[PDB]
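A.B. asks: Contents of work.cif (mmCIF, C-alpha atoms and all ligand atoms) are given next:
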```cif
data_work
loop_
_atom_site.group_PDB
_atom_site.id
_atom_site.type_symbol
_atom_site.label_atom_id
_atom_site.label_comp_id
_atom_site.auth_asym_id
_atom_site.auth_seq_id
_atom_site.Cartn_x
_atom_site.Cartn_y
_atom_site.Cartn_z
ATOM 1 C CA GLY A 1 67.761 22.671 63.165
ATOM 2 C CA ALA A 2 65.461 21.879 60.277
ATOM 3 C CA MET A 3 66.612 19.655 57.443
ATOM 4 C CA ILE A 4 66.822 21.524 54.108
ATOM 5 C CA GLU A 5 67.499 20.298 50.573
ATOM 6 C CA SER A 6 71.020 21.339 49.599
ATOM 7 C CA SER A 7 72.117 21.808 45.973
ATOM 8 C CA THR A 8 74.719 19.346 44.638
ATOM 9 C CA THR A 9 77.196 21.934 43.368
ATOM 10 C CA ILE A 10 80.440 23.354 44.732
ATOM 11 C CA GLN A 11 79.480 25.251 47.887
ATOM 12 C CA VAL A 12 82.911 25.449 49.562
ATOM 13 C CA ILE A 13 86.289 26.114 47.900
ATOM 14 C CA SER A 14 89.214 25.264 50.203
ATOM 15 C CA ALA A 15 92.407 27.060 49.167
ATOM 16 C CA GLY A 16 94.567 25.416 51.849
ATOM 17 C CA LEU A 17 97.746 23.688 50.693
ATOM 18 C CA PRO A 18 98.458 19.958 51.193
ATOM 19 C CA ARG A 19 99.378 19.011 54.780
ATOM 20 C CA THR A 20 97.185 21.729 56.339
ATOM 21 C CA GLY A 21 94.308 19.471 57.398
ATOM 22 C CA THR A 22 92.737 19.063 53.929
ATOM 23 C CA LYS A 23 91.698 15.432 54.436
ATOM 24 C CA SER A 24 90.069 16.134 57.803
ATOM 25 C CA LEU A 25 88.262 19.060 56.142
ATOM 26 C CA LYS A 26 87.176 16.844 53.246
ATOM 27 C CA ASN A 27 85.730 14.384 55.757
ATOM 28 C CA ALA A 28 84.099 17.213 57.732
ATOM 29 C CA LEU A 29 82.458 18.682 54.626
ATOM 30 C CA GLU A 30 81.150 15.237 53.647
ATOM 31 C CA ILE A 31 79.690 14.866 57.171
ATOM 32 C CA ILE A 32 77.891 18.218 56.819
ATOM 33 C CA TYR A 33 76.689 17.950 53.223
ATOM 34 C CA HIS A 34 76.305 14.163 52.656
ATOM 35 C CA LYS A 35 77.829 14.504 49.170
ATOM 36 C CA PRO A 36 81.431 14.010 48.024
ATOM 37 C CA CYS A 37 84.228 16.542 48.426
ATOM 38 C CA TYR A 38 87.135 16.596 45.972
ATOM 39 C CA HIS A 39 90.642 15.883 47.264
ATOM 40 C CA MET A 40 93.793 14.254 45.932
ATOM 41 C CA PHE A 41 92.565 11.075 47.623
ATOM 42 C CA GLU A 42 89.541 11.202 45.343
ATOM 43 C CA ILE A 43 91.909 11.001 42.372
ATOM 44 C CA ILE A 44 94.035 8.211 43.882
ATOM 45 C CA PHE A 45 91.225 5.955 45.047
ATOM 46 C CA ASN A 46 88.289 6.722 42.710
ATOM 47 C CA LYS A 47 89.288 8.882 39.685
ATOM 48 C CA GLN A 48 92.798 7.979 38.376
ATOM 49 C CA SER A 49 91.338 8.619 34.868
ATOM 50 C CA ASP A 50 91.148 12.336 35.877
ATOM 51 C CA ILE A 51 94.968 12.638 36.207
ATOM 52 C CA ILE A 52 95.370 13.358 32.480
ATOM 53 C CA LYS A 53 92.404 15.747 32.550
ATOM 54 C CA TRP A 54 93.920 17.762 35.414
ATOM 55 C CA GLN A 55 97.274 17.715 33.627
ATOM 56 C CA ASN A 56 95.628 18.997 30.441
ATOM 57 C CA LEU A 57 93.882 21.734 32.439
ATOM 58 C CA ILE A 58 97.096 22.885 34.101
ATOM 59 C CA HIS A 59 98.843 22.849 30.705
ATOM 60 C CA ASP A 60 96.213 25.251 29.347
ATOM 61 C CA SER A 61 95.851 27.309 32.547
ATOM 62 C CA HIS A 62 98.364 30.002 31.538
ATOM 63 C CA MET A 63 95.743 31.134 28.976
ATOM 64 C CA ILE A 64 93.353 32.143 31.788
ATOM 65 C CA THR A 65 92.799 35.884 31.484
ATOM 66 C CA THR A 66 91.374 36.776 34.927
ATOM 67 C CA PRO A 67 87.671 37.788 34.768
ATOM 68 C CA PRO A 68 86.043 40.239 34.794
ATOM 69 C CA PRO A 69 85.434 39.977 31.930
ATOM 70 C CA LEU A 70 85.259 36.376 30.569
ATOM 71 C CA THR A 71 87.152 35.576 27.315
ATOM 72 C CA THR A 72 86.531 32.574 24.978
ATOM 73 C CA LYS A 73 89.586 30.471 25.988
ATOM 74 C CA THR A 74 88.702 31.016 29.692
ATOM 75 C CA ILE A 75 85.228 29.518 29.003
ATOM 76 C CA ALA A 76 86.775 26.349 27.582
ATOM 77 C CA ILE A 77 89.041 26.025 30.624
ATOM 78 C CA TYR A 78 86.205 26.821 33.035
ATOM 79 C CA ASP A 79 83.978 24.255 31.300
ATOM 80 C CA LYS A 80 86.515 21.465 31.830
ATOM 81 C CA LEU A 81 86.977 22.439 35.467
ATOM 82 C CA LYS A 82 83.207 22.402 35.978
ATOM 83 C CA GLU A 83 83.075 18.974 34.283
ATOM 84 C CA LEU A 84 85.789 17.603 36.589
ATOM 85 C CA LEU A 85 83.885 18.789 39.663
ATOM 86 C CA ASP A 86 80.413 17.644 38.616
ATOM 87 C CA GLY A 87 78.658 15.834 41.499
ATOM 88 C CA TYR A 88 80.906 17.352 44.215
ATOM 89 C CA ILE A 89 79.874 19.883 46.909
ATOM 90 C CA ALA A 90 83.404 21.120 47.745
ATOM 91 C CA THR A 91 87.079 21.188 46.746
ATOM 92 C CA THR A 92 90.168 20.649 48.896
ATOM 93 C CA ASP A 93 93.852 19.941 48.327
ATOM 94 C CA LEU A 94 95.888 19.700 45.158
ATOM 95 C CA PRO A 95 95.202 19.910 42.288
ATOM 96 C CA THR A 96 92.204 22.163 42.923
ATOM 97 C CA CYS A 97 93.586 24.552 45.525
ATOM 98 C CA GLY A 98 95.618 26.676 43.082
ATOM 99 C CA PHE A 99 92.440 27.223 41.036
ATOM 100 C CA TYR A 100 90.670 29.040 43.933
ATOM 101 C CA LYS A 101 90.213 32.347 41.995
ATOM 102 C CA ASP A 102 88.808 30.538 38.924
ATOM 103 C CA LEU A 103 86.485 28.395 41.080
ATOM 104 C CA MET A 104 85.214 31.584 42.746
ATOM 105 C CA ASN A 105 84.167 32.804 39.280
ATOM 106 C CA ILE A 106 82.614 29.485 38.224
ATOM 107 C CA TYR A 107 80.725 29.073 41.519
ATOM 108 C CA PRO A 108 79.883 32.657 42.521
ATOM 109 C CA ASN A 109 77.780 31.460 45.490
ATOM 110 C CA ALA A 110 80.534 29.287 46.963
ATOM 111 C CA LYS A 111 82.430 30.330 50.084
ATOM 112 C CA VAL A 112 86.202 30.013 50.510
ATOM 113 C CA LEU A 113 88.246 28.383 53.274
ATOM 114 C CA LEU A 114 91.970 28.710 53.923
ATOM 115 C CA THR A 115 93.610 26.214 56.284
ATOM 116 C CA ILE A 116 96.930 27.403 57.701
ATOM 117 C CA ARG A 117 99.512 26.118 60.164
ATOM 118 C CA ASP A 118 103.047 26.734 61.416
ATOM 119 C CA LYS A 119 105.305 26.829 58.359
ATOM 120 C CA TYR A 120 108.023 24.535 59.746
ATOM 121 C CA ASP A 121 105.428 21.984 60.895
ATOM 122 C CA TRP A 122 104.001 22.177 57.382
ATOM 123 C CA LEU A 123 107.389 21.678 55.726
ATOM 124 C CA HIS A 124 108.225 18.732 58.009
ATOM 125 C CA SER A 125 104.901 17.096 57.149
ATOM 126 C CA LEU A 126 105.332 17.824 53.438
ATOM 127 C CA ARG A 127 108.818 16.226 53.403
ATOM 128 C CA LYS A 128 107.514 13.042 55.104
ATOM 129 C CA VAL A 129 104.516 12.485 52.773
ATOM 130 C CA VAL A 130 104.296 14.629 49.617
ATOM 131 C CA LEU A 131 107.760 15.874 48.591
ATOM 132 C CA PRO A 132 110.616 13.977 50.234
ATOM 133 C CA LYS A 133 114.035 15.285 49.282
ATOM 134 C CA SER A 134 115.671 13.445 46.387
ATOM 135 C CA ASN A 135 118.378 12.001 48.681
ATOM 136 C CA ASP A 136 116.008 10.896 51.456
ATOM 137 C CA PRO A 137 115.920 7.068 51.621
ATOM 138 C CA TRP A 138 112.263 7.318 52.660
ATOM 139 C CA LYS A 139 111.462 8.576 49.140
ATOM 140 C CA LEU A 140 112.141 5.088 47.779
ATOM 141 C CA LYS A 141 109.648 3.626 50.212
ATOM 142 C CA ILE A 142 106.969 6.088 49.323
ATOM 143 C CA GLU A 143 107.524 5.253 45.663
ATOM 144 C CA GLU A 144 107.300 1.507 46.301
ATOM 145 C CA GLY A 145 104.006 1.936 48.144
ATOM 146 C CA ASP A 146 102.728 4.288 45.438
ATOM 147 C CA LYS A 147 103.282 1.627 42.754
ATOM 148 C CA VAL A 148 101.028 -0.708 44.760
ATOM 149 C CA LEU A 149 98.279 1.936 44.365
ATOM 150 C CA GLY A 150 98.858 2.131 40.599
ATOM 151 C CA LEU A 151 100.507 5.571 40.756
ATOM 152 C CA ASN A 152 103.136 6.190 38.066
ATOM 153 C CA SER A 153 105.332 9.099 36.955
ATOM 154 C CA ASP A 154 102.273 10.935 35.603
ATOM 155 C CA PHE A 155 100.867 11.162 39.125
ATOM 156 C CA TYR A 156 104.119 12.697 40.385
ATOM 157 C CA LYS A 157 104.024 15.112 37.461
ATOM 158 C CA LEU A 158 100.511 16.207 38.444
ATOM 159 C CA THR A 159 101.575 16.843 42.045
ATOM 160 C CA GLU A 160 104.605 18.850 40.887
ATOM 161 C CA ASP A 161 102.725 20.825 38.251
ATOM 162 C CA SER A 162 99.754 21.596 40.472
ATOM 163 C CA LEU A 163 102.104 22.833 43.182
ATOM 164 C CA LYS A 164 103.910 25.004 40.632
ATOM 165 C CA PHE A 165 100.527 26.322 39.509
ATOM 166 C CA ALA A 166 99.426 27.108 43.075
ATOM 167 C CA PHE A 167 102.721 28.935 43.716
ATOM 168 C CA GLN A 168 102.646 30.585 40.250
ATOM 169 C CA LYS A 169 106.191 29.399 39.464
ATOM 170 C CA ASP A 170 107.454 28.368 36.025
ATOM 171 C CA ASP A 171 109.892 26.006 37.729
ATOM 172 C CA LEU A 172 110.575 25.144 41.333
ATOM 173 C CA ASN A 173 113.562 23.633 43.125
ATOM 174 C CA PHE A 174 111.582 21.006 45.008
ATOM 175 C CA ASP A 175 114.597 20.082 47.161
ATOM 176 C CA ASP A 176 115.041 23.676 48.468
ATOM 177 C CA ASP A 177 113.373 24.190 51.871
ATOM 178 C CA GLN A 178 113.862 27.971 51.761
ATOM 179 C CA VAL A 179 112.014 28.206 48.430
ATOM 180 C CA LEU A 180 109.138 26.058 49.702
ATOM 181 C CA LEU A 181 108.777 28.040 52.926
ATOM 182 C CA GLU A 182 108.730 31.350 51.068
ATOM 183 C CA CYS A 183 106.187 30.029 48.570
ATOM 184 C CA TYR A 184 103.995 28.812 51.439
ATOM 185 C CA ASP A 185 103.934 32.196 53.187
ATOM 186 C CA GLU A 186 103.376 34.093 49.927
ATOM 187 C CA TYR A 187 100.549 31.756 48.893
ATOM 188 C CA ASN A 188 98.654 32.109 52.166
ATOM 189 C CA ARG A 189 99.163 35.876 52.135
ATOM 190 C CA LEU A 190 97.898 36.107 48.558
ATOM 191 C CA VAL A 191 94.698 34.175 49.322
ATOM 192 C CA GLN A 192 93.852 36.599 52.121
ATOM 193 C CA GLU A 193 94.582 39.605 49.880
ATOM 194 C CA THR A 194 92.581 38.196 46.950
ATOM 195 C CA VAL A 195 89.403 36.783 48.515
ATOM 196 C CA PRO A 196 86.989 39.333 50.033
ATOM 197 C CA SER A 197 86.908 38.828 53.790
ATOM 198 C CA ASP A 198 83.130 38.336 53.672
ATOM 199 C CA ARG A 199 83.771 35.242 51.545
ATOM 200 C CA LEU A 200 86.765 33.788 53.424
ATOM 201 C CA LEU A 201 87.204 31.798 56.630
ATOM 202 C CA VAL A 202 90.780 31.220 57.791
ATOM 203 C CA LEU A 203 91.028 27.971 59.762
ATOM 204 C CA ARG A 204 93.867 26.832 61.988
ATOM 205 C CA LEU A 205 94.443 23.176 62.820
ATOM 206 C CA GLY A 206 92.414 22.324 65.908
ATOM 207 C CA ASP A 207 89.662 24.914 65.351
ATOM 208 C CA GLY A 208 87.062 22.142 65.067
ATOM 209 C CA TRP A 209 83.452 22.447 63.983
ATOM 210 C CA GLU A 210 82.257 25.703 65.478
ATOM 211 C CA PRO A 211 83.784 28.420 63.227
ATOM 212 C CA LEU A 212 83.259 26.298 60.103
ATOM 213 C CA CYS A 213 79.602 25.533 60.827
ATOM 214 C CA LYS A 214 78.815 29.160 61.717
ATOM 215 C CA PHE A 215 80.376 30.282 58.432
ATOM 216 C CA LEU A 216 78.277 27.747 56.508
ATOM 217 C CA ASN A 217 74.999 28.350 58.419
ATOM 218 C CA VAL A 218 74.724 24.693 59.446
ATOM 219 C CA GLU A 219 74.277 22.951 62.779
ATOM 220 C CA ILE A 220 77.261 21.268 64.364
ATOM 221 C CA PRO A 221 77.006 17.536 63.529
ATOM 222 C CA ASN A 222 75.398 15.813 66.487
ATOM 223 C CA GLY A 223 77.702 13.470 68.390
ATOM 224 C CA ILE A 224 80.460 13.479 65.741
ATOM 225 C CA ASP A 225 83.915 14.753 66.638
ATOM 226 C CA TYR A 226 85.747 16.919 64.154
ATOM 227 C CA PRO A 227 87.923 14.595 61.991
ATOM 228 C CA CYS A 228 91.586 14.130 62.786
ATOM 229 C CA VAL A 229 93.162 12.037 60.092
ATOM 230 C CA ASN A 230 96.173 11.888 57.676
ATOM 231 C CA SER A 231 98.980 12.435 60.245
ATOM 232 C CA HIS A 232 102.429 11.812 58.802
ATOM 233 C CA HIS A 233 102.725 8.952 61.295
ATOM 234 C CA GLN A 234 99.595 7.394 59.806
ATOM 235 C CA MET A 235 100.871 7.914 56.255
ATOM 236 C CA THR A 236 104.165 6.232 57.183
ATOM 237 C CA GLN A 237 102.201 3.237 58.507
ATOM 238 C CA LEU A 238 100.109 3.115 55.326
ATOM 239 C CA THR A 239 103.202 3.120 53.101
ATOM 240 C CA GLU A 240 104.827 0.356 55.153
ATOM 241 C CA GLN A 241 101.653 -1.742 55.068
ATOM 242 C CA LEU A 242 101.263 -1.302 51.287
ATOM 243 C CA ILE A 243 104.866 -2.500 50.890
ATOM 244 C CA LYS A 244 104.323 -5.477 53.200
ATOM 245 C CA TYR A 245 101.022 -6.716 51.755
ATOM 246 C CA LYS A 246 101.377 -5.499 48.123
ATOM 247 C CA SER A 247 97.727 -4.508 47.779
ATOM 248 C CA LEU A 248 95.357 -1.837 49.033
ATOM 249 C CA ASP A 249 92.455 -4.263 49.477
ATOM 250 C CA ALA A 250 94.449 -6.457 51.883
ATOM 251 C CA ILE A 251 94.916 -3.573 54.354
ATOM 252 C CA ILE A 252 91.980 -1.225 53.718
ATOM 253 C CA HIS A 253 90.079 -2.384 56.815
ATOM 254 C CA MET A 254 93.078 -1.265 58.933
ATOM 255 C CA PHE A 255 92.601 2.350 57.758
ATOM 256 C CA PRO A 256 88.904 3.244 58.401
ATOM 257 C CA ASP A 257 88.565 7.001 57.619
ATOM 258 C CA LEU A 258 90.757 6.848 54.439
HETATM 259 O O1 LIG B 1 96.157 14.996 52.149
HETATM 260 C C1 LIG B 1 96.884 15.887 51.298
HETATM 261 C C2 LIG B 1 97.863 15.106 50.457
HETATM 262 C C3 LIG B 1 98.518 13.986 50.964
HETATM 263 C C4 LIG B 1 99.414 13.285 50.159
HETATM 264 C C5 LIG B 1 99.650 13.705 48.853
HETATM 265 N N1 LIG B 1 100.509 13.040 48.053
HETATM 266 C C6 LIG B 1 101.547 12.169 48.570
HETATM 267 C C7 LIG B 1 102.005 11.320 47.394
HETATM 268 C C8 LIG B 1 100.848 10.498 46.857
HETATM 269 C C9 LIG B 1 100.164 9.595 47.850
HETATM 270 C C10 LIG B 1 100.682 8.338 48.094
HETATM 271 C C11 LIG B 1 100.073 7.482 48.986
HETATM 272 C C12 LIG B 1 98.920 7.898 49.629
HETATM 273 C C13 LIG B 1 98.278 6.961 50.588
HETATM 274 F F1 LIG B 1 97.612 7.650 51.496
HETATM 275 F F2 LIG B 1 97.439 6.168 49.948
HETATM 276 F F3 LIG B 1 99.239 6.249 51.146
HETATM 277 C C14 LIG B 1 98.377 9.152 49.393
HETATM 278 C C15 LIG B 1 99.004 10.005 48.500
HETATM 279 C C16 LIG B 1 102.463 12.247 46.292
HETATM 280 C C17 LIG B 1 103.529 11.446 45.574
HETATM 281 N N2 LIG B 1 104.173 10.613 46.603
HETATM 282 C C18 LIG B 1 105.402 11.284 47.061
HETATM 283 C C19 LIG B 1 106.459 11.240 45.974
HETATM 284 C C20 LIG B 1 107.364 10.213 45.708
HETATM 285 N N3 LIG B 1 108.166 10.523 44.645
HETATM 286 C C21 LIG B 1 107.869 11.737 44.145
HETATM 287 C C22 LIG B 1 108.361 12.513 43.101
HETATM 288 C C23 LIG B 1 107.796 13.765 42.861
HETATM 289 C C24 LIG B 1 106.744 14.261 43.636
HETATM 290 C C25 LIG B 1 106.213 13.525 44.694
HETATM 291 C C26 LIG B 1 106.763 12.277 44.959
HETATM 292 C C27 LIG B 1 103.224 10.467 47.720
HETATM 293 C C28 LIG B 1 98.990 14.815 48.352
HETATM 294 N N4 LIG B 1 99.212 15.249 47.037
HETATM 295 O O2 LIG B 1 100.131 14.597 46.220
HETATM 296 O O3 LIG B 1 98.500 16.337 46.545
HETATM 297 C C29 LIG B 1 98.095 15.514 49.151
HETATM 298 N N1 LIG B 2 91.722 17.807 63.667
HETATM 299 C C1 LIG B 2 93.048 18.021 63.546
HETATM 300 N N2 LIG B 2 93.757 18.626 64.517
HETATM 301 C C2 LIG B 2 95.077 18.838 64.398
HETATM 302 N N3 LIG B 2 95.802 18.476 63.327
HETATM 303 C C3 LIG B 2 95.218 17.860 62.279
HETATM 304 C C4 LIG B 2 93.779 17.595 62.335
HETATM 305 N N4 LIG B 2 93.460 16.986 61.189
HETATM 306 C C5 LIG B 2 94.591 16.870 60.460
HETATM 307 N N5 LIG B 2 95.637 17.391 61.110
HETATM 308 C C6 LIG B 2 97.024 17.441 60.608
HETATM 309 O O1 LIG B 2 97.076 17.952 59.276
HETATM 310 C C7 LIG B 2 98.046 17.224 58.514
HETATM 311 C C8 LIG B 2 97.377 16.484 57.368
HETATM 312 O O2 LIG B 2 96.924 17.425 56.409
HETATM 313 P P1 LIG B 2 96.434 16.980 54.947
HETATM 314 O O3 LIG B 2 95.206 16.164 55.193
HETATM 315 O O4 LIG B 2 96.211 18.290 54.261
HETATM 316 O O5 LIG B 2 97.556 16.183 54.357
HETATM 317 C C9 LIG B 2 98.697 16.267 59.479
HETATM 318 O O6 LIG B 2 99.840 16.904 60.024
HETATM 319 P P2 LIG B 2 101.148 16.102 60.492
HETATM 320 O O7 LIG B 2 101.647 15.400 59.272
HETATM 321 O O8 LIG B 2 102.046 17.183 61.009
HETATM 322 O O9 LIG B 2 100.665 15.146 61.533
HETATM 323 C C10 LIG B 2 97.610 16.053 60.503
HETATM 324 O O10 LIG B 2 98.079 15.594 61.770
#
```
Starting from the coordinates I provided, produce the structure as structure tokens.
Ligand SMILES: OCc1ccc(NC[C@@]2(Cc3ccc(C(F)(F)F)cc3)CCN(Cc3c[nH]c4ccccc34)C2)c(N(O)O)c1
Ligand SMILES: Nc1ncnc2c1ncn2[C@@H]1O[C@H](COP(=O)(O)O)[C@@H](OP(=O)(O)O)[C@H]1O
C.D. replies:
Amino acid sequence: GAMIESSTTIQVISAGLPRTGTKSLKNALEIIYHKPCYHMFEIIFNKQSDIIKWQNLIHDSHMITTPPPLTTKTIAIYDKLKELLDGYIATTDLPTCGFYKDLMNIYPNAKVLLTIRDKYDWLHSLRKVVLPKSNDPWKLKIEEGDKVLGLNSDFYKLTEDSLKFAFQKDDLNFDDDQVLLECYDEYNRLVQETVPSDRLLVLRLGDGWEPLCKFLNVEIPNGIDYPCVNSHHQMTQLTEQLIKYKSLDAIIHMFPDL
């Protein structure tokens, strides 16, 4: 196809929850658009100063009166969300995913993606990387590796609060598998009920380029396979290597598509 000059603004809002292929999708969107896509990894590796800004936004988010129409407080919240996303062409993962409805209002010409998978596969992956149970010895390893990356209790607070925001829960028993599974199903159902079907593409793991590129009116990237990255096995290796070497920069060449 012809090469066209794309606008550097949010063009794709991904509502999929963590551990549903968000990092592969982030990489795929960057391959298509040649501009950055937001993701929790963007916070960890490039924008740790944003943690407090996202926390402030979530703290104020209960004051969002759903447009139409737009109220004054909603403008202030929407302005900070637009500021956080300046320079990006897409959003994936926490903390953004729970803001899908607000992002749809801020970027009325953006399209929405929802990545889904088997709920028990999702929970297993979540417990190995994002939310280990409080009695799991692996949790102490994750925390040791996280300190190497400079992540403190405020980072864990952001993950917890952005998950609570996505699930629309005032509190959440993070150690309760039944609660998490029910929240997962209700969240994915709600996205499909809320977003007009014309504006939504539901993606399953393994779907690859073709449905995504058709939805976005772009050519399939020539000679580039669809990304497959961020397996729990790979995250376990990363944690162990951070513990062993005590720095990101000593191991970063071992993890190419991070
Ligand atoms: O790809 C989607 C996606 C992948 C991972 C995460 N987070 C996993 C975590 C951050 C992390 C660490 C290392 C790396 C790496 F890759 F550099 F190694 C990446 C990310 C989140 C925090 N910690 C668990 C924890 C330990 N004690 C807690 C107490 C309360 C709550 C959580 C925790 C690992 C998210 N989040 O958090 O949205 C999204
Ligand atoms: N192209 C692809 N095909 C199949 N699974 C993929 C994939 N890209 C990522 N995944 C899976 O999606 C999960 C990572 O999602 P996220 O990036 O949102 O954290 C991992 O699950 P597992 O942990 O079960 O391996 C990973 O294996």
A.B. asks: Just the residues within 10 Å of residue A:61, please, counting all atoms listed in the file, with nothing from its chain fewer than 3 positions along; format it as a ChimeraX atom specification.
C.D. replies: /A:55-58,64-65,73-74,77-78,99,165
A.B. asks: Given the selection you just returned, output its residues as a file containing C-alpha atoms, formatted as a short mmCIF file (atom, residue, chain, number, x, y, z; two decimals), in the coordinates of the input.
C.D. replies:
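Okay, this is what ended up in part.cif:
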```
data_model
loop_
_atom_site.label_atom_id
_atom_site.label_comp_id
_atom_site.auth_asym_id
_atom_site.auth_seq_id
_atom_site.Cartn_x
_atom_site.Cartn_y
_atom_site.Cartn_z
CA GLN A 55 97.27 17.72 33.63
CA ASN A 56 95.63 19.00 30.44
CA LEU A 57 93.88 21.73 32.44
CA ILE A 58 97.10 22.88 34.10
CA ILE A 64 93.35 32.14 31.79
CA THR A 65 92.80 35.88 31.48
CA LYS A 73 89.59 30.47 25.99
CA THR A 74 88.70 31.02 29.69
CA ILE A 77 89.04 26.02 30.62
CA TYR A 78 86.20 26.82 33.03
CA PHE A 99 92.44 27.22 41.04
CA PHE A 165 100.53 26.32 39.51
#
```
A.B. asks: Hey, which residues sit close to ligand LIG 1 (chain B)? Say within 8 Å, counting all atoms listed in the file, and write them as a ChimeraX atom specification.
C.D. replies: /A:17-23,39-41,44-45,93-95,129-132,139-140,142-143,145-146,149,151,153,155-160,230,235-236,238-239,242,258
A.B. asks: Could you list, as a ChimeraX atom specification, all the residues within 9 Å of ligand LIG 2 (chain B), counting all atoms listed in the file?
C.D. replies: /A:16-26,92-93,115,117,121-126,128-130,204-208,225-235
A.B. asks: Run the PyMOL selection byres (((chain A and resi 90) around 7) and not hetatm) mentally over the shown coordinates, then write out the matched residues as a ChimeraX atom specification, using the chain letters and numbers from the document.
C.D. replies: /A:10-13,37-38,88-89,91-92
A.B. asks: Go ahead and compute the interatomic distance for atom CA of residue A:171 and atom CA of residue A:47, in Å to one decimal.
C.D. replies: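 Taking atom CA of residue A:171 and atom CA of residue A:47, their separation equals 26.9 Å.
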A.B. asks: Figure out the distance between atom CA of residue A:104 and atom CA of residue A:198, please, to one decimal in Å.
C.D. replies: 13.0 Å
A.B. asks: Report as a PDB file with C-alpha atoms, in the coordinates of the input the residues that result from applying the PyMOL selection byres (((chain A and resi 216) around 10) and not hetatm) to the structure here.
C.D. replies:
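Here's the written file part_14.pdb:
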```
ATOM      1  CA  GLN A  11      79.480  25.251  47.887  1.00  0.00           C
ATOM      2  CA  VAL A  12      82.911  25.449  49.562  1.00  0.00           C
ATOM      3  CA  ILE A  32      77.891  18.218  56.819  1.00  0.00           C
ATOM      4  CA  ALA A 110      80.534  29.287  46.963  1.00  0.00           C
ATOM      5  CA  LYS A 111      82.430  30.330  50.084  1.00  0.00           C
ATOM      6  CA  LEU A 201      87.204  31.798  56.630  1.00  0.00           C
ATOM      7  CA  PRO A 211      83.784  28.420  63.227  1.00  0.00           C
ATOM      8  CA  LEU A 212      83.259  26.298  60.103  1.00  0.00           C
ATOM      9  CA  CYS A 213      79.602  25.533  60.827  1.00  0.00           C
ATOM     10  CA  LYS A 214      78.815  29.160  61.717  1.00  0.00           C
ATOM     11  CA  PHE A 215      80.376  30.282  58.432  1.00  0.00           C
ATOM     12  CA  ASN A 217      74.999  28.350  58.419  1.00  0.00           C
ATOM     13  CA  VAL A 218      74.724  24.693  59.446  1.00  0.00           C
ATOM     14  CA  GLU A 219      74.277  22.951  62.779  1.00  0.00           C
TER      15      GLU A 219
END
```
A.B. asks: Quote the spacing between atom CA of residue A:127 and atom CA of residue A:150 in Å to one decimal place.
C.D. replies: 21.5 Å
A.B. asks: Counting all atoms listed in the file, which residue out of A:164, A:244, A:53, A:119 sits closest to residue A:141?
C.D. replies: A:244
A.B. asks: Decode the PyMOL selection byres (((chain A and resi 176-184) around 8) and not hetatm) for the given file into explicit residues and return them as number ranges by chain.
C.D. replies: A: 119-120, 123, 167, 172-175, 185-188
A.B. asks: Compare A:5, A:240, A:257, A:118 by their minimum atom-to-atom distance to residue A:27, counting only C-alpha atoms, and give me the closest one.
C.D. replies: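 The shortest atom-to-atom distance to residue A:27 comes from A:257.
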A.B. asks: What would the list of residues within 6 Å of (95.4, -1.2, 46.7) (file frame) look like as an MDAnalysis selection string, if all atoms listed in the file are what count?
C.D. replies: chainID A and resid 148:149 247:249
A.B. asks: Restricting the calculation to only C-alpha atoms, which member of A:87, A:67, A:52, A:2 is positioned closest to residue A:36?
C.D. replies: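 Of all the options, A:87 lies closest to residue A:36.
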A.B. asks: Box for stretch 198-206 of chain A - axis-aligned, 6 Å on each of the six sides, all listed atoms - centre and size in Å to one decimal, as lines of an AutoDock Vina configuration file.
C.D. replies:
```
center_x = 88.8
center_y = 30.3
center_z = 58.7
size_x = 23.3
size_y = 28.0
size_z = 26.4
```
A.B. asks: Emit stretch 153-173 of chain A of the structure in the block as a file comprising C-alpha atoms, as a PDB file, in the first residue's frame.
C.D. replies:
```pdb
ATOM      1  CA  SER A 153       4.973   0.365  47.517  1.00  0.00           C
ATOM      2  CA  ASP A 154       3.492   3.211  45.452  1.00  0.00           C
ATOM      3  CA  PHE A 155       3.843   1.101  42.313  1.00  0.00           C
ATOM      4  CA  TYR A 156       1.971  -1.775  43.969  1.00  0.00           C
ATOM      5  CA  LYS A 157      -0.688   0.693  45.077  1.00  0.00           C
ATOM      6  CA  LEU A 158      -1.133   1.869  41.481  1.00  0.00           C
ATOM      7  CA  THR A 159      -1.549  -1.702  40.226  1.00  0.00           C
ATOM      8  CA  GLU A 160      -4.100  -2.458  42.960  1.00  0.00           C
ATOM      9  CA  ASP A 161      -6.028   0.781  42.540  1.00  0.00           C
ATOM     10  CA  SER A 162      -6.108   0.630  38.755  1.00  0.00           C
ATOM     11  CA  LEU A 163      -7.403  -2.933  38.928  1.00  0.00           C
ATOM     12  CA  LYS A 164     -10.072  -1.849  41.413  1.00  0.00           C
ATOM     13  CA  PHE A 165     -10.971   0.992  39.054  1.00  0.00           C
ATOM     14  CA  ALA A 166     -11.211  -1.326  36.035  1.00  0.00           C
ATOM     15  CA  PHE A 167     -13.440  -3.717  38.016  1.00  0.00           C
ATOM     16  CA  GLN A 168     -15.407  -0.814  39.581  1.00  0.00           C
ATOM     17  CA  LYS A 169     -14.858  -2.170  43.109  1.00  0.00           C
ATOM     18  CA  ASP A 170     -14.387  -0.049  46.234  1.00  0.00           C
ATOM     19  CA  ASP A 171     -12.259  -2.835  47.695  1.00  0.00           C
ATOM     20  CA  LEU A 172     -11.145  -6.195  46.402  1.00  0.00           C
ATOM     21  CA  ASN A 173      -9.928  -9.363  48.104  1.00  0.00           C
TER      22      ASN A 173
END
```
